[PDB]
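**Student:**
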Ligand SMILES: CCCCCCCCCCCCCC(=O)O[C@H](CCCCCCCCCCC)CC(=O)O[C@@H]1[C@@H](NC(=O)C[C@@H](CCCCCCCCCCC)OC(=O)CCCCCCCCCCC)[C@H](OC[C@H]2O[C@H](OP(=O)(O)O)[C@H](NC(=O)C[C@H](O)CCCCCCCCCCC)[C@@H](OC(=O)C[C@H](O)CCCCCCCCCCC)[C@@H]2O)O[C@H](CO[C@]2(C(=O)O)C[C@@H](O[C@]3(C(=O)O)C[C@@H](O)[C@@H](O)[C@@H]([C@H](O)CO)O3)[C@@H](O[C@H]3O[C@H]([C@@H](O)CO)[C@@H](OP(=O)(O)O)[C@H](O[C@H]4O[C@H]([C@@H](O)CO[C@H]5O[C@H]([C@@H](O)CO)[C@@H](O)[C@H](O)[C@@H]5O)[C@@H](OP(=O)(O)O)[C@H](O)[C@@H]4O)[C@@H]3O)[C@@H]([C@H](O)CO)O2)[C@H]1OP(=O)(O)O
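Chains as they are written, first to last, in the UniProt record's numbering: chain G, 5 to 176, 186 to 198, 203 to 242, 264 to 349; chain H, 6 to 226, 233 to 260, 268 to 359; chain A, 2 to 231; chain U, 2 to 231.
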């Protein structure tokens with residue numbers, strides 16, 4: 005006999021409408037790499053689903069936080085938590101229910117990093133990198149700087165759509190092209210070219226004429242040319279915020295219903311704010327030089343307990 | 006008059022929610038750059054930077070979303086307290102109410118149009134300029150990077166960039182329409198000088214190609236100045252005349275040119291959308307649903323803005339279309355909720 | 002002056018909630034509109050007000066069908082309205098509230114608005130609270146300001162919504178005296194309460210909607226004869 | 002079998018609302034608690050309920066200072082309470098609501114819970130609404146369900162907050178019949194309301210607060226004949 009199936013419905017709803025908010029955040033972020041960061045967008049829809057678990061790290065505790073808070077708001081403004089209090093039920097019965105929710109969502113956040121967190125992390129470690137190497141229909145004219153592992157080879161074309169080229173410019186010094194065309198599989206079918214490499218006057222002054230050269234400079238340049267904290271602290275968020283939000287879902291008559299959510303949200307995001315700030319020095323696992331984080335973890339567990347209890 | 010009442014009410018709700026959405030994003034970006042201030046100071050990548058950096062948020066980042074939430078809560082007060090229907094049952098028309106809100110919308114368009122070209126561009130300039138302690142930051146101070154210039158037929162590779170506006174520098178690829186090289190220079194002493202010296206003739210190390218054999222070379226001792240040589244600031248940099256730069260030759271720079279000058283339309287259409295709400299599916303559902311619908315359509319505006327701006331890739335749709343698409347097609351949903359019943 | 006409704010209709014997903022109400026109100030009389038809770042009073046009164054639109058029927062002021070005309074149009078033609086809950090402007094003064102409703106009167110001047118305001122304030126006993134804030138007033142003083150604000154528009158049929166709710170019998174008899182003062186003024190009053198034996202004693206005739214039907218219509222004693230509700 | 006409030010007191014940041022008020026409620030009688038609008042009908046009742054915290058006061062059931070308890074500990078030790086508005090678990094069935102109250106009946110068996118549930122459903126006539134969805138009940142059905150939940154926790158002194166506010170005078174008489182059946186089941190019932198002419202006609206004795214002070218009490222005849230009522 006519990007209200008757990010009533011709050012589980014809003015749990016599922018807030019889950020389903022937070023995944024799209026964070027999709028629409030990470031998608032707006034990776035459009036920055038599709039436009040400015042110069043990464044081809046043949047991998048947007050794939051990169052979303054391959055990286056949804058690092059997104060759902062932070063969905064599920066806030067999902068249970070909202071799915072408890074918005075539910076017990078209705079349960080209190082129908083004057084119904086205060087009729088469970090008018091019967092012999094206590095605050096402890098909805099505490100039992102909320103901690104059952106905490107068990108369920110903590111199982112979710114655990115099996116995240118058990119079977120899909122690092123799995124998606126080491127399949128997102130490749131960006132489908134073997135097709136980042138293997139070319140397709142990606143040129144992206146007026147760009148392609150890529151200083152790393154290419155020298156400084158920039159090759160832009162002052163054209164319109166790809167039929168009449170001006171200053172293909174083919175840097176490495187630079188070889189200069191007049192005409193050009195396009196084929197795929203690194204073999205570009207350009208007509209003319211003029212190599213030049215003279216840096217100083219005392220050096221060589223090397224020219225080549227217009228020749229039947231194919232200009233292979235597109236080479237597959239690879240880069241070879264704590265979880266100990268989060269695995270416990272996110273499960274502690276899921277285990278703690280359920281016990282923390284029930285003394286804050288108390289909706290008062292005068293201040294209204296949504297202003298009865300400001301202190302819970304102002305403490306929840308202050309929590310995640312201080313946790314992310316104290317993720318400053320992390321060392322990636324085996325180098326952990328600070329543990330001020332369990333200070334705020336223990337003091338918010340104390341804040342939850344102190345809040346709840348009122349003797 | 007109660008023209009004063011509705012106007013000052015909407016204005017103070019705008020200012021209150023605007024100060025709220027300034028303070029929230031200010032402390033969040035404060036503790037965000039607190040994750041890299043190991044070379045700055047306690048406040049250098051902090052409070053001394055954000056006391057300037059609050060106003061470019063205030064121009065365009067939150068000011069449409071805060072515009073809807075302010076002109077929604079401040080006019081939902083008048084329906085919560087059963088107070089808009091008082092004047093609407095005294096005979097004060099809904100077009101009287103729309104004119105009463107937009108009679109004081111004019112300081113909001115005036116305000117953001119002033120700040121977004123007087124205080125906010127120089128604000129984020131000085132913000133990135135003050136982050137020169139912790140390195141790697143691209144600003145008016147650039148770093149040791151080869152900025153591949155493109156001056157029409159002319160092209161210049163850069164070797165080294167300093168902070169005193171000097172360059173062991175300019176390597177002119179003097180290329181005509183015959184692609185005949187005239188200079189192979191290395192401008193080792195490119196010191197900043199006034200407007201007579203937008204390119205200063207430094208350190209002649211050239212060779213002309215008047216003949217394949219005879220070369221008139223000289224070892225003795233383009234139209235992109237330093238206020239146009241700072242190009243890494245891809246968000247809102249400066250005014251329309253300087254943004255009219257890549258012109259005798268780039269789609270996103272005129273896209274941002276339109277996005278600079280459509281934010282007043284964004285605020286005005288935003289208040290019109292708030293009034294179509296308060297005369298639409300609202301007026302019966304309570305303040306929780308008011309503020310949920312508020313942040314929902316504000317985030318819808320944010321995602322349509324920050325996608326359909328950068329979405330201009332497939333057809334390469336015109337930037338007037340790409341910038342008005344989160345404004346005119348939000349005016350449209352407002353207009354439909356007006357004339358729906 | 003005569004306001005008349007004919008064959009009022011409202012439904013929801015085809016389920017009829019209002020079935021053929023035809024109420025009348027003349028100037029001078031105090032028409033009551035009672036019934037059960039949520040079976041005619043709210044919807045019928047709010048259609049006659051103009052908060053909600055009609056589906057079939059006529060609303061007529063003096064041989065002029067205003068059924069297409071919305072609430073602000075009915076106010077510009079002569080119907081006033083007072084809401085249930087507290088409906089004062091919580092930031093102006095009482096003085097500025099009365100002038101703020103006198104602004105939209107396109108038939109006045111600078112001295113005439115001050116004169117009409119001083120008339121209404123000296124008549125409704127708020128002229129000593131002239132410089133007060135309506136947010137920081139009491140219930141009876143606030144009802145004085147709301148009735149004075151309704152009279153600032155110079156109406157011809159004021160349609161009160163719950164004046165006899167939530168107050169002690171002393172304030173009941175004070176609001177009784179202000180409705181007696183309005184029937185001295187020659188203004189028609191239409192009223193809906195759930196205080197039957199505290200509202201039906203002032204009405205010169207009252208209409209009793211009952212699940213759509215006006216099964217009782219006429220004087221309060223004739224209403225108390227039939228018990229087709231009870 | 003006797004409840005007594007001794008010397009209640011409450012303020013709101015230097016705004017006093019109750020000033021040394023003591024009320025006595027014996028078993029088996031409809032005790033009223035009336036007054037002026039918001040000067041102690043709400044506050045004194047909510048202290049005897051226990052929603053608001055007092056400062057000084059003594060609540061006694063058989064020499065038990067239950068004044069320091071939370072709300073449900075008073076409900077644990079024989080006090081009932083019914084709220085003002087729709088306190089129905091709208092997404093439960095009615096038998097689930099009654100058993101949901103009956104889960105904390107440690108002094109009963111694992112089958113006497115269902116036996117008492119059958120008794121209450123035979124008494125309050127919800128035998129066809131036993132498995133209806135708790136949203137889909139009407140007014141009197143909803144009142145009977147909430148009173149059945151109250152009695153399923155088996156109280157001695159039940160405390161109702163406006164059981165008449167928002168019902169037509171048919172359901173008023175039916176609720177009076179229900180409250181007389183409650184006191185004929187032997188409960189000392191306390192009622193506050195804005196309806197003195199509806200409350201005083203069913204109460205056997207009533208208490209009249211005024212500005213943090215009981216100024217009259219006892220029989221409704223003396224409450225009619227005391228200091229100002231008309
Ligand atoms: C009511 C119900 C509630 C609703 C739900 C709530 C909604 C919440 C939404 C949140 C969703 C997203 C979650 C999230 O966001 O999640 C996290 C957030 C947690 C909290 C969220 C949830 C909240 C709690 C729950 C809710 C509770 C209520 C953050 C994150 O994620 O953390 C970090 C993130 N912070 C945020 O995002 C803030 C968050 C904040 C969230 C706010 C939430 C607010 C909710 C409000 C609630 C209200 C009630 C209270 O979100 C944002 O704001 C986004 C906007 C969100 C708004 C959404 C709408 C809200 C609407 C609400 C109503 C509906 C931050 O950057 C984001 C900023 O971007 C824009 O600014 P800019 O434009 O950029 O300025 C935004 N501007 C904007 O948006 C625009 C506007 O402003 C805002 C508009 C918003 C909408 C406005 C309207 C809203 C509607 C209003 C309606 C009313 C800013 O906005 C800001 O400022 C903040 C802003 O004001 C505030 C936001 C405003 C919100 C207001 C809301 C109001 C609502 C009111 C009503 C409700 C924003 O902050 O940094 C990282 C990402 O950058 C990365 C990447 O990974 O992508 C990593 C980079 O490295 C960086 C770094 O940036 O960190 C930079 C480097 O230069 C360097 O500095 C480095 C170190 O510092 C060095 O020392 O660090 C780099 O990587 C790689 O780059 C290169 C690579 O390519 C190789 O070449 C390499 O070289 P290099 O080239 O050199 O770089 C790099 O190697 C470096 O390092 C090496 C070593 O270190 C080795 O270490 C290795 O390992 C390490 C790992 O182990 C680490 O894990 C890593 O270091 C690396 O892997 C590394 O390899 C060196 O090696 P060595 O040599 O030493 O050996 C090496 O040499 C070199 O140095 C590296 O490898 C690169 C990329 O990878 C390239 O490939 O980019 C993130 O880390 P990550 O993502 O985790 O990784």
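Every residue, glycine too, gets a C-beta built ideally from N, C-alpha and C.
Suppose you measure from the CA of residue 211(H) to the CA of residue 265(G); what does that come to, to the nearest Å?
**Tutor:** About 58 angstroms.
**Student:** Buried or exposed: residue 194(U), going by 16 or more other Cβ atoms within 10 Å of its Cβ?
**Tutor:** Under this definition residue 194(U) is a buried residue.
**Student:** Excluding sequence positions up to five away, which residues of its chain have a Cβ less than 6 angstroms from the Cβ of residue 1(U)?
**Tutor:** Absent from the structure is residue 1(U), since the part of chain U shown begins at 2 and ends at 231.
**Student:** Measure from the C-beta of residue 195(A) to each C-beta in chain U and report whether the shortest distance is under 9 angstroms.
**Tutor:** Cβ-Cβ to chain U under 9 angstroms: yes for residue 195(A).
**Student:** Which bits of chain A does residue 68(H) rub up against, with CB to CB less than 8 angstroms?
**Tutor:** Within chain A, no residue comes near residue 68(H); the closest Cβ sits about 25 angstroms away, beyond 8 angstroms.
**Student:** Please report whether the beta-carbon of residue 75(G) lies at a distance below 9 angstroms from any beta-carbon of chain U.
**Tutor:** Answer no: the Cβ-Cβ gap between residue 75(G) and chain U never drops below 9 angstroms.
**Student:** Kindly examine ligand 1 and report whether one of its heavy atoms sits closer than 8 angstroms to the Cβ of residue 295(G).
**Tutor:** For ligand 1, not one heavy atom lies less than 8 angstroms from the Cβ of residue 295(G).
**Student:** Taking 8 angstroms as the cut-off, is the C-beta of residue 320(G) nearer than that to any heavy atom in ligand 1?
**Tutor:** Because some heavy atom of ligand 1 lies under 8 angstroms away, the Cβ of residue 320(G) counts as near it: yes.
**Student:** Run through DSSP, which three-state label would residue 319(H) get?
**Tutor:** Note: residue 319(H) maps to helix in three-state DSSP.
**Student:** Would you list, in sequence order, the uninterrupted alpha helix (DSSP H) runs of no fewer than 4 residues that lie entirely inside the region 274–324 of chain G?
**Tutor:** Within the region 274–324 of chain G, the complete alpha helix (DSSP H) runs of at least 4 residues are 300–315.
**Student:** What do you get for residue 11(U), buried or exposed, if any count of 16 or more other CB atoms within 10 angstroms of its CB means buried?
**Tutor:** Buried: at least 16 other Cβ atoms inside 10 Å.
**Student:** List, in order along the chain, the chain G residues whose C-beta lies closer than 9 angstroms to that of residue 328(H)?
**Tutor:** The contacting residues are 32, 35, 36, 38, 39, 40.
**Student:** Check whether the region 81–94 of chain U touches the region 147–160 of chain U, taking contact to mean three or more Cβ pairs, one atom from each stretch, closer than 8 angstroms.
**Tutor:** With the cut-off at 8 angstroms, the region 81–94 of chain U and the region 147–160 of chain U touch.
**Student:** Residue 25(G) touches chain H at which residues, Cβ-Cβ below 8 angstroms?
**Tutor:** Those are 317, listed as they occur along chain H.
**Student:** So which residues of chain A does residue 232(H) contact, with C-beta pairs closer than 7 angstroms?
**Tutor:** There are no atomic positions for residue 232(H) here, as chain H continues from 226 directly to 233.
**Student:** Just to confirm before moving on: does the CB-CB distance between residue 191(U) and residue 49(U) stay below 9 angstroms?
**Tutor:** Closer than 9 angstroms, so yes.
**Student:** By DSSP, does residue 178(A) sit in helix, in strand, or in coil?
**Tutor:** Looking at residue 178(A) - three-state DSSP - the assignment turns out to be helix.
**Student:** Using 9 angstroms as the threshold, is the C-beta distance between residue 285(G) and residue 345(G) below it?
**Tutor:** In contact: residue 285(G) and residue 345(G) (Cβ atoms closer than 9 angstroms).
**Student:** Might you give, ordered along the chain, the residues of its own chain that have their beta carbon closer than 7 angstroms to the beta carbon of residue 138(H), omitting 5 neighbours on each side?
**Tutor:** Answer for residue 138(H): 44, 45, 49, listed in chain order.
**Student:** Would you mind sorting residue 55(H) into buried or exposed? The rule is 16 or more other CB atoms within 10 Å of its CB.
**Tutor:** Buried is the call here.
**Student:** Using a 10 Å radius around the Cβ and a threshold of 16 neighbouring Cβ atoms, would you call residue 105(H) buried or exposed?
**Tutor:** Buried.
**Student:** In the DSSP assignment, what residue or residues form a beta bridge with residue 325(H)?
**Tutor:** Note: residue 325(H) sits in no beta bridge, so no partner.
**Student:** Throw me the rounded Cβ distance for the residue 348(H) and residue 287(H) pair, which I believe falls under 8 angstroms.
**Tutor:** With a Cβ gap of about 6 angstroms, residue 348(H) and residue 287(H) count as contacting.
**Student:** Can you give me the Cβ contacts of residue 38(U) inside the same chain, cut-off strictly under 8 angstroms, excluding the 5 residues immediately before and after it?
**Tutor:** Cβ within range, chain order: 195.
**Student:** From the DSSP output, in three-state form, read off residue 66(H) for me.
**Tutor:** If DSSP states are grouped into helix, strand and coil, residue 66(H) belongs with the helices.
**Student:** Any beta carbon of chain U sitting closer than 9 angstroms to that of residue 41(A)?
**Tutor:** It does not; no Cβ of chain U falls within 9 angstroms.
**Student:** Could you tell me whether the Cβ of residue 198(U) comes closer than 9 angstroms to any Cβ of chain A?
**Tutor:** Yes, because at least one Cβ of chain A sits closer than 9 angstroms to the Cβ of residue 198(U).
**Student:** Quick check on residue 90(U): does DSSP put it in helix, strand or coil?
**Tutor:** Reduced to three states, the DSSP call for residue 90(U) is coil.
**Student:** Just reading off the alpha helix (DSSP H) that residue 67(G) is part of, what are its end residues?
**Tutor:** Element bounds for residue 67(G): 63–81.
**Student:** Taking any Cβ of chain A, which residues in the region 153–180 of chain U have a Cβ under 8 angstroms from it, in chain order?
**Tutor:** Going along the region 153–180 of chain U in chain order, one finds 167, 168, 169, 170, 171 with a Cβ nearer than 8 angstroms to chain A.
**Student:** Mind checking residue 299(G): buried by the 16 CB within 10 Å criterion, or exposed?
**Tutor:** Its Cβ being crowded by 16 or more others within 10 Å, residue 299(G) is buried.
**Student:** Classify residue 274(H) as helix, strand or coil using the three-state DSSP reduction.
**Tutor:** Residue 274(H) falls in the helix class under three-state DSSP.
**Student:** Taking the beta strand (DSSP E) that residue 11(A) falls in, what are its first and last residues?
**Tutor:** Segment 3–13, the beta strand (DSSP E) holding residue 11(A).
**Student:** Determine, for residue 103(H), whether the minimum Cβ-Cβ distance to residues of chain A falls below 9 angstroms.
**Tutor:** With 9 angstroms as the cut-off, residue 103(H) does not count as an interface residue toward chain A.
**Student:** Measuring CB atoms only, is the region 144–152 of chain H touching the region 67–81 of chain H, in the sense that at least three cross pairs come out at less than 8 angstroms?
**Tutor:** Because the criterion of three Cβ pairs below 8 angstroms is not met, the region 144–152 of chain H and the region 67–81 of chain H do not touch.
**Student:** Mark residue 11(G) as exposed unless 16 or more other C-beta atoms lie within 10 angstroms of its C-beta, in which case mark it buried.
**Tutor:** Its Cβ being crowded by 16 or more others within 10 Å, residue 11(G) is buried.
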